[PDB]
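In what follows, a structure is listed as structure tokens, so that the remarks can point back to it.
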Ligand SMILES: CC(=O)O[C@H]1C(=O)[C@@]2(C)[C@H]([C@H](OC(=O)c3ccccc3)[C@]3(O)C[C@H](OC(=O)[C@H](O)[C@@H](NC(=O)c4ccccc4)c4ccccc4)C(C)=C1C3(C)C)[C@]1(OC(C)=O)CO[C@@H]1C[C@@H]2O
Ligand SMILES: Nc1nc2c(ncn2[C@@H]2O[C@H](COP(=O)(O)OP(=O)(O)OP(=O)(O)O)[C@@H](O)[C@H]2O)c(=O)[nH]1
Ligand SMILES: Nc1ncnc2c1ncn2[C@@H]1O[C@H](COP(=O)(O)OP(=O)(O)NP(=O)(O)O)[C@@H](O)[C@H]1O
Ligand SMILES: Nc1nc2c(ncn2[C@@H]2O[C@H](COP(=O)(O)OP(=O)(O)O)[C@@H](O)[C@H]2O)c(=O)[nH]1
Ligand SMILES: [Mg+2]
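Residue numbers (the deposited numbering), protein chains in the order written: chain N, 1 to 385; chain I, 1 to 433; chain E, 1 to 451.
Laid out in structure tokens, this is it:
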């Protein structure tokens, strides 16, 4: 078991071609660990504001100061979580965002392979670290699997067969699992890229008003990692086994945005239900972490509840037990796309919500007058003393 | 137009369905031959909820009867209301399951399910705007539990937006008429927890207790128990059929009664009950109905509600009455027994009023409670199930029909989680740690 | 001439509509079948008043109303009831399932599939009118239809028409008793559209009217019919100035000009003074001063809130019957001397007055006595915030644990909208606290210098 240390991160991407073509305006402003956003239609009352454990400004590409470089975010999250994985405990990454905000980017990176997202840095450090560490007295095994959740049904991507539904089960000792789920071994990150592309081609996608290509289902990319030791004895044993779950969440949906009827509304409803269940479990885990840390009196077991949706059900080993969780939320900079960003921040504000506030400074002339008066008081003191 | 399709599987479900159709036919004034010989005008206003119209002003119900032995079909056809049903809906096979869950759900039922589904689709497509389904069955038997769960699964897969109900007779603590009951009850509850929106829990022991103590009957028989259950079933869906001052469909009860998706096991009840030869002493008023309705000894679930807390309650009244009396009485019930209501729901009593009371009762009321005490039933079943599973009492009869031991374990785990989830919202405070 | 459409939505709206139209037909002498034999006996007149009714060639009068619902059960009573021939056949039912106490099913999913037809009928009705005054929507918080469909309809009406007034008469949840468990979510979700789009909303409470019926009319077991009759009397007193002659007449726009100080505080309470049974109608004078005093009694309020805990921003009195202005001035002067009644310091006048000659009518089979004088008082005050605060608490106790939330998101509403609104309600509660504060002492810094 380990403390449910959940890391909340948000990142703002730059402009795209269409947004640059229009006379759009940036509305997200960051400072320390707080981000604030304004209304184009209501610029009088106040900006709304949120606080997260990490705020990342990848807006200005050529900027040199406080730029959230991809190596930086990898150092923040992926290095520590790979270190946790090598200890033999499970690791989970959740990628969330709405078409445009910039999810894939953070997960994959550019195509020129010069600025790498979370996946290449993690995988290459895993492979490279092992290749430059393995010895006669140790063996390492790595496998990969890729599945999707759609309308509370599990479907396989790597297998090219007829896409029939599979059946979730629950081995008494090993926990939940899926029958007939294809599992393959990999040697280097090129193999993972090939499998990932092949699987991504098989995902279900539908067009909507927001974008022509919108995710209609969650995806789970599991990396099974096993270490075996050859001690100076006839008994050769597996030291421990760990799992890395890289997860793609479909964005929250609103008929006030996707006006399609029929199957399209049903998919959105199921997506929203799954997202609500996920937030419900994640916040409870953070509360579980927080309680005994403060008062030493663990809150019994607050028995967390996963058997509510298939997504949280399959990932039971990764959220709970001895494991760590980290989440990144993409945000788009168009003044036009307000409520998408508002909803993304609101749903990102869960999972150990951080206290947020505003500052507001004072009229510069008044500050100058106050400084002059303070100097005069000191000098009058320089005269009195 | 809110149409309900009615299904019934097994001996228990068939008998209860027969009695229920006899009751409803009396309510709407339909003769056994199928013609209408009623008096009031409102009876035909909403007859299409349960009945279809034939050629010569003859009505036919939407019943679908299922079994794996022809004995009960023959019994129902040779009965007072045998000829009202459609002949083409009598689906059956031979060499029934025989109290074996595996035979009902994996081997024998797999052949009849296609025909049953064809009939169900045919009946459903003809409706104007289907609302939901029903299913009467018993969990302690083979055909009932197995075929009912399979039908529920398939229909839920096919029609995912409509409301599925079910009236299930749970195994009793003490009175037992089968030996392999706990396996069937557990391997089943495992499906009912997943594929159903509302379940009403019935138990023979509670009904026998009502008959012996309240009604004062000396020789209860299964007809009486079917009577009680049928009265409740008629009471639940009243607001679809008759006008009133505050309506409540099945979906409104679903929305108001269920806080979380996996907590939909209800304790039903009905008032009043004068036991006869004592009507002249008891004055019938709304406070008397509310008093009898909440009594612990009136429930049909064989659970003591005083051992837990009421997550939510619903009361459907039928008659001409004042709304102030109803609201004040529900408020008084909530205040005087504040220990037995959860604190984080500020008000947890839904109320509905209908204008047309039953045949010969100035007033009536039906009760749908949702409390944590129901967990006891599941716990009791587990306390038997493991006692038979540690040493594999009657397992070879189940594995001989193709069922891996894992399926058994994957279930004892699911019901145990259900008991734990109910146990969470049961303690009457939560602070400190 | 001066026309108003009444729009009724939900079971509560439809039933209050039944009571209101019974009262209007009794008032103008129109038979339930639409004929008016009284005009034929008279030989000609303006009894077919255009505020509510429209006349055809054959002498039949049709009301200016639009009933809406999703349950056929409620409207089918009217279609086969006593007034089956009064209304146009276009009653606008959705022969499908009800919204079922779910605000979402009534603004995002089942709410469409009927809004276009409703707006088309309203367009036809409005085209028939030659110079419109405004709208009167009747709905009820808590219900799925009366919240979601009311919100959608008000949004579309505000877009289409814009400048015309829009008044509400709504049933707010009671502090203690209720007929639903998911009421607070519906009320809080409705408050946004009640705030932005409507121009003046009146609120009532079933618990208060029950207490009034028990104490005044001596009815120990009232039903919804009596409450609906009382609300109908209120609305009739509101609209009486458009129809009948009077010494001082008050239009619908005068209410708004005199009663709302700022755009966001348009939530006044309503009261009706001479509620008295026939048996107690004797033993009493029922003079002008008595009814004016009774209007300010905290026990007679139609909402469970104490005026003594706040301040009166503005008031408006509408008198009916044998009333003379001097007695009215004397009563107002008497009220201004009491210390229990508090007025904000920035409204020294704080009174609007209207007098009408037509006295109130009596419904056969009713329970209100025949009286010569009557008064209806509309008060814009700060006490009402207390009521909101109570309901606010209930919302939190259900939203901490996310109870009953999966139903709402299963129909097309992001978990965010819930909080985006709670914040809106909290902002509104802030304003009412801000406005009622006395002006800061000698508001413009300090004065007193050379001359
Ligand atoms: C006072 C009077 O007139 O006699 C009653 C009577 O004495 C009581 C005891 C009746 C009687 O019920 C029983 O004796 C009984 C026996 C076994 C199981 C259940 C009930 C009655 O049989 C039951 C019967 O009820 C009805 O007729 C209702 O409409 C009922 N329908 C049926 O019972 C029915 C059964 C088969 C076929 C058709 C109709 C009903 C209630 C709610 C919703 C739908 C239907 C009535 C009035 C009575 C008698 C005759 C004694 C009670 O039953 C009902 C449902 O009313 C028992 O508790 C009530 C309270 C009544 O006071
Ligand atoms: N004063 C008064 N209130 C009523 C009346 N009828 C219903 N109500 C109130 O309305 C509330 C229920 O909301 P409704 O708008 O009637 O529900 P609905 O119109 O059927 O719409 P749905 O909720 O979707 O079913 C209850 O809490 C009652 O207090 C009435 O006749 N008079
Ligand atoms: N922080 C960033 N810095 C630079 N470029 C970025 C950044 N985030 C996103 N981008 C790029 O800008 C575009 C936005 O990402 P995009 O592929 O539209 O993600 P998305 O559509 O928001 N994903 P999803 O939320 O799953 O639907 C892509 O071309 C990204 O490569
Ligand atoms: N309430 C009620 N229960 C019954 C009736 N008949 C049988 N049962 C119950 O059903 C159980 C046996 O179920 P059974 O009908 O054989 O299931 P099936 O064989 O699949 O139809 C027994 O434990 C009885 O308690 C009845 O008429 N009424
Ligand atoms: Mg309704």
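We put the CB at the ideal spot given by N, CA and C, even for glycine.
Can you tell me where the beta strand (DSSP E) holding residue i begins and where it ends?
i, result
"residue 368 of chain I", "363 to 371"
"residue 66 of chain I", "63 to 66"
"residue 43 of chain I", "Looking at the DSSP string, residue 43 of chain I is not in any beta strand (DSSP E), and its letter there is neither H nor E."
"residue 203 of chain I", "199 to 203"
"residue 63 of chain E", "61 to 63"
"residue 57 of chain N", "54 to 57"
Against residue i, what residues of chain N qualify as contacts under a CB-to-CB distance less than 7 Å, listed in chain order?
i, result
"residue 328 of chain E", "Those within 7 Å of residue 328 of chain E in chain N number zero; the least Cβ separation is about 43 Å."
"residue 409 of chain I", "172"
"residue 390 of chain I", "Residues of chain N passing the Cβ test: none, with the nearest at roughly 14 Å."
Identify the continuous alpha helix (DSSP H) that holds residue i and give its terminal residues.
i, result
"residue 21 of chain I", "10 to 27"
"residue 346 of chain I", "Run containing residue 346 of chain I: none; DSSP gives neither H nor E here."
"residue 260 of chain I", "No alpha helix (DSSP H) holds residue 260 of chain I; DSSP gives it neither H nor E."
"residue 27 of chain N", "No alpha helix (DSSP H) contains residue 27 of chain N, which DSSP labels as neither H nor E."
At 8 Å on the CB atoms, spell out the chain E contacts of residue i, in chain order.
i, result
"residue 357 of chain N", "Under the 8 Å cutoff, chain E gives no residues; its nearest Cβ is about 15 Å from residue 357 of chain N."
"residue 255 of chain I", "100, 101, 102, 182, 404, 407"
Taking the C-alpha atoms as reference points, what is the distance between residue i and residue j?
i, j, result
"residue 121 of chain N", "residue 73 of chain N", "10 Å"
"residue 3 of chain I", "residue 271 of chain E", "45 Å"
"residue 163 of chain N", "residue 241 of chain I", "44 Å"
"residue 204 of chain I", "residue 401 of chain E", "36 Å"
"residue 378 of chain I", "residue 358 of chain N", "53 Å"
"residue 298 of chain I", "residue 221 of chain E", "28 Å"
"residue 303 of chain E", "residue 419 of chain E", "27 Å"
"residue 179 of chain E", "residue 351 of chain I", "5 Å"
"residue 304 of chain N", "residue 175 of chain E", "34 Å"
"residue 293 of chain N", "residue 433 of chain I", "12 Å"
"residue 70 of chain E", "residue 56 of chain N", "49 Å"
In chain I, which residues lie with their C-beta within 7 Å of the C-beta of residue i?
i, result
"residue 305 of chain N", "421"
"residue 96 of chain E", "129"
Name the residue from the options whose alpha carbon lies nearest to the alpha carbon of residue i.
i, options, result
"residue 328 of chain N", "N:262, N:22, N:98", "N:98"
"residue 107 of chain N", "N:113, N:248, N:316, N:301", "N:248"
"residue 250 of chain N", "N:226, N:220, N:260", "N:220"
"residue 341 of chain N", "N:24, N:4, N:9, N:28", "N:28"
"residue 328 of chain I", "I:238, I:405, I:291, I:237", "I:291"
"residue 12 of chain N", "N:102, N:269, N:280", "N:102"
"residue 20 of chain I", "I:254, I:39, I:236", "I:236"
"residue 315 of chain I", "I:391, I:300, I:289, I:174", "I:289"
"residue 9 of chain E", "E:34, E:65, E:2", "E:65"
"residue 132 of chain I", "I:331, I:36, I:49, I:430", "I:49"
Chain N partners of residue i, CB-CB under 9 Å?
i, result
"residue 155 of chain E", "Those do not exist, as residue 155 of chain E stays about 11 Å from chain N at its closest Cβ, beyond 9 Å."
Kindly list, in the order they appear in chain I, the residues whose Cβ is closer than 8 Å to that of residue i.
i, result
"residue 169 of chain N", "406, 410"
"residue 222 of chain E", "322, 323, 324"
Ordered list of alpha helix (DSSP H) runs contained in the stretch 161 to 208 of chain E, each at least 4 residues: 183 to 196
Continuous beta strand (DSSP E) assignments of at least 3 residues falling wholly in the stretch 147 to 222 of chain I: 167 to 170, 199 to 203
Alpha helix (DSSP H) runs wholly inside the stretch 382 to 416 of chain E, at least 4 long, in chain order: 384 to 399, 405 to 409
Unbroken stretches of the beta strand (DSSP E), 3 residues or longer, contained in the stretch 87 to 169 of chain E: 132 to 140
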